[PDB]
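*Asks:* My questions will all concern the structure given below.
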Amino acid sequence: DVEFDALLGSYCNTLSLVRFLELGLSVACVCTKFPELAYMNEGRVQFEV
Amino acid sequence: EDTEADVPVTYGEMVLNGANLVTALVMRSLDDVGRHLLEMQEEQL
């Protein structure tokens with residue numbers, strides 16, 4: 001005789017969903033995404049001083 | 001004493017007698033998770 005029960009007073013918090021754009025650190029980035037990066041060889045970024 | 005017998009044809013089956021209650025909902029009050037527990041026991045009858 002093995003009885004299976006379930007509480008009605010207390011519920012869990014399984015997942016803690018942390019988004020990076022919720023953080024204060026997301027200033028220091030420029031978060032632009034490719035949906036194609038693995039197809040790319042050496043990409044370059046220019047500066048004129 | 002006898003020649004022709006009576007033999008069952010249908011195999012028996014099973015009735016699910018008790019199983020673990022595991023649900024969740026993505027958040028609607030907090031109490032409606034409990035009323036979702038009764039939705040799944042009614043589907044087991």
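Residue numbers start at 1 in each chain; chains themselves are named A, B, ... in the order of the structure tokens; ligands are numbered from 1 in the order shown.
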Output as a list in words the set of chain B residues within 9 Å of chain A, with distances taken over only C-alpha atoms.

*Replies:*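 The contacting residues on chain B are residues 18, 19, 20, 21, 22, 30, 31, 33, 34 and 37 of chain B.
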
*Asks:* Mind writing the picked residues with C-alpha atoms as a compact mmCIF listing (two decimals), in the first residue's frame?

*Replies:*
```txt
# COMPACT_ATOMS: atom_id res chain seq x y z
CA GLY B 18 -2.97 5.21 -8.68
CA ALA B 19 -0.07 7.15 -10.19
CA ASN B 20 2.12 10.12 -9.28
CA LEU B 21 0.58 13.60 -9.53
CA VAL B 22 3.15 15.74 -11.36
CA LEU B 30 -2.21 30.51 -7.45
CA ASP B 31 -5.03 28.09 -6.55
CA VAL B 33 -2.76 24.59 -10.12
CA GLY B 34 -4.87 22.58 -7.69
CA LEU B 37 -4.75 18.41 -10.54
```

*Asks:* Have a look at atom CA of residue B:14 and atom CA of residue B:43 and let me know their distance in Å, one decimal.

*Replies:*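 A separation of 15.6 Å between them.
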
*Asks:* Could you give me the residues within chain B that DSSP places in alpha helix (DSSP H), as a list in words?

*Replies:*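 In chain B, DSSP puts these residues in alpha helix (DSSP H): residues 32, 33, 34, 35, 36, 37, 38, 39, 40, 41, 42, 43 and 44 of chain B.
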
*Asks:* What's the separation between atom CA of residue A:40 and atom CA of residue A:28, in Å to one decimal place?

*Replies:*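 Value for the atom CA of residue A:40-atom CA of residue A:28 distance: 24.6 Å.
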
*Asks:* Report, in Å with one decimal, the straight-line distance from atom CA of residue B:17 to atom CA of residue B:39.

*Replies:*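 Going from atom CA of residue B:17 over to atom CA of residue B:39 covers 16.7 Å.
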